[PDB]
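One structure below.
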Protein chains: 2
Amino acid sequence: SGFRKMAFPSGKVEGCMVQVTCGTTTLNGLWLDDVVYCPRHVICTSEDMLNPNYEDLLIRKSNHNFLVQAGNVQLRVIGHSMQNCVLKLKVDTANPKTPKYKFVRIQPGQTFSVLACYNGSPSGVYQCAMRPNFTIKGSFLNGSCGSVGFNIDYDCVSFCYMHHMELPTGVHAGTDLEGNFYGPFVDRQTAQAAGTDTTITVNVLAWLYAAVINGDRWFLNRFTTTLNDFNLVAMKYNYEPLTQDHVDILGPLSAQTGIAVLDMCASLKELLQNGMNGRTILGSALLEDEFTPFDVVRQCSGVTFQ
Amino acid sequence: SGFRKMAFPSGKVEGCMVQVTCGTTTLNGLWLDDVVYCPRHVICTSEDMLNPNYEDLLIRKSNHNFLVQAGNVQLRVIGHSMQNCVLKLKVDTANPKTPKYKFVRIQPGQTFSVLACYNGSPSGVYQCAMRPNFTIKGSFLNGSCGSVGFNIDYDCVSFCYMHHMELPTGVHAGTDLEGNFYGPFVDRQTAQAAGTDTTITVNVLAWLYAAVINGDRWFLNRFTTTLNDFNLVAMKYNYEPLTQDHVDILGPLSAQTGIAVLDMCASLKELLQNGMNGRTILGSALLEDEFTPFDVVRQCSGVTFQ
Ligand SMILES: *[C@](O)(C(N)=O)[C@H](C[C@@H]1CCNC1=O)NC(=O)[C@@H]1[C@@H]2[C@H](CN1C(=O)[C@@H](NC(=O)CC(C)(C)C)C(C)(C)C)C2(C)C
Ligand SMILES: *[C@](O)(C(N)=O)[C@H](C[C@@H]1CCNC1=O)NC(=O)[C@@H]1[C@@H]2[C@H](CN1C(=O)[C@@H](NC(=O)CC(C)(C)C)C(C)(C)C)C2(C)C
């Protein structure tokens, strides 16, 4: 029993992190097979960050201007290209620690583990959600760019995030491993603002199921609701609309607990309208939305990775 | 910027986890050099758990009754002994993945990373504190026994926890790697109760400093206090008494922020007496006590591990 924000074991990703230096700028890269992936703003000076023309800046860069270091050892860069907002550095050595992996562009509401790195060295690991406004609430300092987010499915690492930047209110923006930003963000030091940070309703419901499974049941009430009536309350509280697909996805947790999804929505409705009256659920005084239904099943059934 | 519950990268510990089976019971062991460490209740049946005589049960066990599996491969057990509440299985192969390591018995209020394992396979990683009542608030299911807690200091893994059992209210008890339980717990299925769960005051103060560093400053008030006057308020709210040693330990965060520890205590006093009025600090609606001063400095300065 117990329920914690749990990251995937990071060992398979630790063996892929390297340091990339171009001129004065050092950040992290991802070494898979004979390619290093890194944020393209590695080629920028601080001045350049204000209004960069990446194609123009890249003309002044050759293979030998990229220093790539795997622990204490330099890799030889034999080619480079820009794909959207990432550079791909072809190196003459395949990473012998390359795991089975895929590149995935995740949907908003999905979770992943971040391995925060500095100078190609892992600092720490934590769980994040892709928020509805396509930001993440990370912990990133200067030097953390190129840190990656991932999920593990038994043996296979699905890389879904590379860290590029921080927005006002200290939330974070980045790309998939094809270099396409999540949301409307650009890799320029220019005024950009996150939209409304809406709550991931289906994840809050998943977490309420986790609470029940752990014997935290005080919030289970005597009411039910409809999707349409529940969604009139969600709209007011900046909750994502709940759909039938969401109800389907909560099927395993609903079946395990014997609590109909719409009965759990009616419990959520009362928590939104009345607050928690100074009570806690799984040690939290707020409604948690960074656990997916899969995260709850995985933690409550003990799914492992090899 | 941003502040998250952050685990150490787990790769160095993943390469030490094995599966130990004795009769019908399977749990996790820790393979360092030519020794496997595991909970001694691996030798018990369910019946035995009610009132076990471990010395007597062990007489019926030989080297060949312990099956130890590192991934897909069996290790040969050439010796066994019981040290307090752990078994030490001598195997004929030194783990080639053994990191630099130490065994440390941590103090209450200290934090560590848990790598939750099932059948010798890592499931996930998360941060925990040793609570004042010598419990941890983990996520552990049947099969998780032998999972370990650790800290990393650059290259060196300090193992401080091995998981043995769950108490009522779904908190967890275990041993150091010499097999001595933290607190008064025994490895018997008998009525045992946790004492009062007191709050780690110095850690709450460390987290308030983390909030300031991140620009969350609304709670900074106009008052100061004394250690003795602050401690009269802590006693009422089941906070640990703050000592001069604690004030010394908060020195780096106090110096970085320019906020005197006793001024931060006066802010904490007002939060304890008035509550948060529905406001949040680093996205929390409660006072967090599972970050040490070191955890805050480490996260806010980007300390890495190799
Ligand atoms: C990254 O390059 C690195 N070396 O780690 C760096 C990571 C930042 C630093 C603080 N927290 C982080 O996550 N990323 C950057 O410095 C990117 C880079 C240029 C600026 N930038 C930023 O993240 C800016 N933010 C903005 O410009 C957006 C704004 C103005 C709306 C806040 C800040 C000011 C450094 C945070 C580019 C190419 C985007
Ligand atoms: C461990 O052996 C394993 N195979 O993973 C197991 C882990 C538990 C299961 C549920 N959550 C966990 O952390 N540990 C045990 O089963 C230990 C073991 C015998 C009983 N036990 C327990 O943890 C008991 N708890 C108690 O007996 C204490 C009590 C009665 C005060 C609650 C429970 C009932 C299974 C949780 C021994 C030797 C302690």
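So you can find residues: chains in the structure tokens are A, B, ... in the order shown, residues in each start at 1, and ligands are numbered from 1 in order.
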Please, which residues of chain A lie no more than 8 Å from chain B when the count uses only C-alpha atoms, and can they be set out as number ranges by chain?
-> A: 1-12, 14, 115, 117-118, 121-126, 137-141, 166, 170-171, 214, 284-286, 299-306
Just the strand (DSSP E or B) stuff from segment 36-255 of chain A, please, per backbone DSSP, written as number ranges by chain.
-> A: 36-39, 67-70, 73-75, 77-83, 86-91, 101-103, 111-118, 121-129, 136, 148-153, 156-167, 171-175, 181, 199, 239
File of the preceding selection, C-alpha atoms, as a PDB file, in the first residue's frame:
```pdb
ATOM      1  CA  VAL A  36      23.731  12.708 -30.677  1.00  0.00           C
ATOM      2  CA  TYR A  37      20.477  14.708 -30.349  1.00  0.00           C
ATOM      3  CA  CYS A  38      20.630  18.173 -28.706  1.00  0.00           C
ATOM      4  CA  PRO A  39      18.827  21.566 -28.660  1.00  0.00           C
ATOM      5  CA  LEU A  67      32.777  18.859 -28.798  1.00  0.00           C
ATOM      6  CA  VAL A  68      30.890  15.779 -27.593  1.00  0.00           C
ATOM      7  CA  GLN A  69      32.030  14.101 -24.361  1.00  0.00           C
ATOM      8  CA  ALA A  70      30.722  10.739 -23.042  1.00  0.00           C
ATOM      9  CA  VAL A  73      36.073  10.447 -23.470  1.00  0.00           C
ATOM     10  CA  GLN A  74      35.657  12.641 -26.647  1.00  0.00           C
ATOM     11  CA  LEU A  75      33.460  11.377 -29.560  1.00  0.00           C
ATOM     12  CA  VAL A  77      31.614  14.198 -34.985  1.00  0.00           C
ATOM     13  CA  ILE A  78      31.528  13.089 -38.670  1.00  0.00           C
ATOM     14  CA  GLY A  79      28.296  14.933 -39.726  1.00  0.00           C
ATOM     15  CA  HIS A  80      25.628  17.348 -38.420  1.00  0.00           C
ATOM     16  CA  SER A  81      22.143  18.441 -39.489  1.00  0.00           C
ATOM     17  CA  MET A  82      19.309  20.535 -38.097  1.00  0.00           C
ATOM     18  CA  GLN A  83      15.866  18.871 -37.813  1.00  0.00           C
ATOM     19  CA  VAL A  86      17.221  19.843 -32.665  1.00  0.00           C
ATOM     20  CA  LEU A  87      20.678  19.175 -34.024  1.00  0.00           C
ATOM     21  CA  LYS A  88      21.627  15.635 -34.976  1.00  0.00           C
ATOM     22  CA  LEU A  89      25.402  15.033 -34.566  1.00  0.00           C
ATOM     23  CA  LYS A  90      26.570  11.908 -36.428  1.00  0.00           C
ATOM     24  CA  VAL A  91      29.491  10.420 -34.429  1.00  0.00           C
ATOM     25  CA  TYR A 101      13.919   2.848 -27.933  1.00  0.00           C
ATOM     26  CA  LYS A 102      11.252   4.814 -29.875  1.00  0.00           C
ATOM     27  CA  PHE A 103      10.575   8.549 -30.406  1.00  0.00           C
ATOM     28  CA  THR A 111       3.057  11.657 -17.922  1.00  0.00           C
ATOM     29  CA  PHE A 112       6.789  10.883 -18.297  1.00  0.00           C
ATOM     30  CA  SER A 113      10.002  10.740 -16.208  1.00  0.00           C
ATOM     31  CA  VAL A 114      12.611  13.557 -16.499  1.00  0.00           C
ATOM     32  CA  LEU A 115      16.293  12.758 -15.904  1.00  0.00           C
ATOM     33  CA  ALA A 116      17.639  16.253 -15.054  1.00  0.00           C
ATOM     34  CA  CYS A 117      21.310  16.437 -16.245  1.00  0.00           C
ATOM     35  CA  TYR A 118      24.111  19.088 -16.028  1.00  0.00           C
ATOM     36  CA  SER A 121      25.924  14.026 -15.786  1.00  0.00           C
ATOM     37  CA  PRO A 122      22.537  12.949 -14.293  1.00  0.00           C
ATOM     38  CA  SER A 123      21.491  15.044 -11.234  1.00  0.00           C
ATOM     39  CA  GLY A 124      18.041  13.501 -10.485  1.00  0.00           C
ATOM     40  CA  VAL A 125      14.812  11.898 -11.749  1.00  0.00           C
ATOM     41  CA  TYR A 126      11.141  12.953 -11.320  1.00  0.00           C
ATOM     42  CA  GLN A 127       7.682  12.487 -12.926  1.00  0.00           C
ATOM     43  CA  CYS A 128       6.007  15.257 -15.001  1.00  0.00           C
ATOM     44  CA  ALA A 129       2.810  15.687 -17.012  1.00  0.00           C
ATOM     45  CA  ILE A 136       5.589  21.005 -17.851  1.00  0.00           C
ATOM     46  CA  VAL A 148      15.064  14.215 -21.778  1.00  0.00           C
ATOM     47  CA  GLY A 149      11.660  12.891 -20.691  1.00  0.00           C
ATOM     48  CA  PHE A 150      10.794   9.251 -21.339  1.00  0.00           C
ATOM     49  CA  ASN A 151       8.512   6.287 -20.526  1.00  0.00           C
ATOM     50  CA  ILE A 152       9.670   2.617 -20.258  1.00  0.00           C
ATOM     51  CA  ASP A 153       7.466  -0.264 -21.658  1.00  0.00           C
ATOM     52  CA  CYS A 156      11.732  -0.229 -24.675  1.00  0.00           C
ATOM     53  CA  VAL A 157      12.450   3.489 -23.837  1.00  0.00           C
ATOM     54  CA  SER A 158       9.935   5.881 -25.517  1.00  0.00           C
ATOM     55  CA  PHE A 159      11.626   9.326 -25.570  1.00  0.00           C
ATOM     56  CA  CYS A 160       8.940  12.036 -25.703  1.00  0.00           C
ATOM     57  CA  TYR A 161      10.611  15.270 -24.388  1.00  0.00           C
ATOM     58  CA  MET A 162      13.835  17.283 -24.738  1.00  0.00           C
ATOM     59  CA  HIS A 163      14.219  20.365 -22.469  1.00  0.00           C
ATOM     60  CA  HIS A 164      14.767  23.782 -24.207  1.00  0.00           C
ATOM     61  CA  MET A 165      13.458  26.701 -22.122  1.00  0.00           C
ATOM     62  CA  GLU A 166      11.683  28.248 -19.092  1.00  0.00           C
ATOM     63  CA  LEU A 167       8.587  30.555 -19.245  1.00  0.00           C
ATOM     64  CA  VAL A 171       7.199  26.345 -16.109  1.00  0.00           C
ATOM     65  CA  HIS A 172       9.098  24.656 -18.909  1.00  0.00           C
ATOM     66  CA  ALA A 173       8.812  24.124 -22.686  1.00  0.00           C
ATOM     67  CA  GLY A 174      10.608  21.761 -25.052  1.00  0.00           C
ATOM     68  CA  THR A 175      10.375  19.488 -28.037  1.00  0.00           C
ATOM     69  CA  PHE A 181       7.989  22.094 -29.787  1.00  0.00           C
ATOM     70  CA  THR A 199      -6.650  20.516 -14.760  1.00  0.00           C
ATOM     71  CA  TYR A 239     -11.083  21.320 -15.675  1.00  0.00           C
TER      72      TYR A 239
END
```
Identify which of the residues A:257, A:46, A:51, A:21 lies closest to residue 217 of chain A, counting only C-alpha atoms when measuring atom-to-atom distances.
-> A:257
Extract, using only C-alpha atoms, all DNA, RNA and protein residues at most 8 Å from segment 292-296 of chain B, discarding same-chain residues fewer than 4 positions from it, and format them as a compact mmCIF listing (two decimals) with N, CA and C atoms, in the first residue's frame.
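Saved as result-v9.txt:
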```txt
# COMPACT_ATOMS: atom_id res chain seq x y z
N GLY B 109 14.72 12.28 9.95
CA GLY B 109 14.73 13.57 9.23
C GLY B 109 15.55 13.53 7.95
N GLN B 110 16.41 12.53 7.77
CA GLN B 110 17.22 12.40 6.54
C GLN B 110 16.37 11.76 5.44
N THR B 111 16.71 12.09 4.21
CA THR B 111 15.98 11.62 3.02
C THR B 111 16.85 10.60 2.28
N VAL B 202 13.16 21.39 10.72
CA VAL B 202 14.31 21.94 9.96
C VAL B 202 14.04 21.74 8.46
N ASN B 203 13.38 20.64 8.07
CA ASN B 203 13.10 20.39 6.62
C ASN B 203 12.02 21.34 6.11
N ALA B 206 13.79 24.48 5.43
CA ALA B 206 14.59 24.33 4.20
C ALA B 206 13.67 24.56 3.00
N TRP B 207 12.49 23.94 3.02
CA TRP B 207 11.52 24.05 1.90
C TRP B 207 11.01 25.50 1.78
N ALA B 210 13.53 27.21 -0.18
CA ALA B 210 13.40 26.79 -1.60
C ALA B 210 12.32 27.64 -2.26
N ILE B 249 22.74 24.41 10.37
CA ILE B 249 22.63 23.58 9.14
C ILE B 249 21.89 24.40 8.07
N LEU B 250 21.07 25.35 8.51
CA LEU B 250 20.28 26.19 7.56
C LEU B 250 21.12 27.40 7.13
N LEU B 253 21.44 28.37 3.22
CA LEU B 253 20.16 28.87 2.64
C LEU B 253 19.86 30.26 3.20
N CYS B 300 18.83 23.39 -5.99
CA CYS B 300 18.86 24.83 -6.36
C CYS B 300 20.25 25.23 -6.92
```
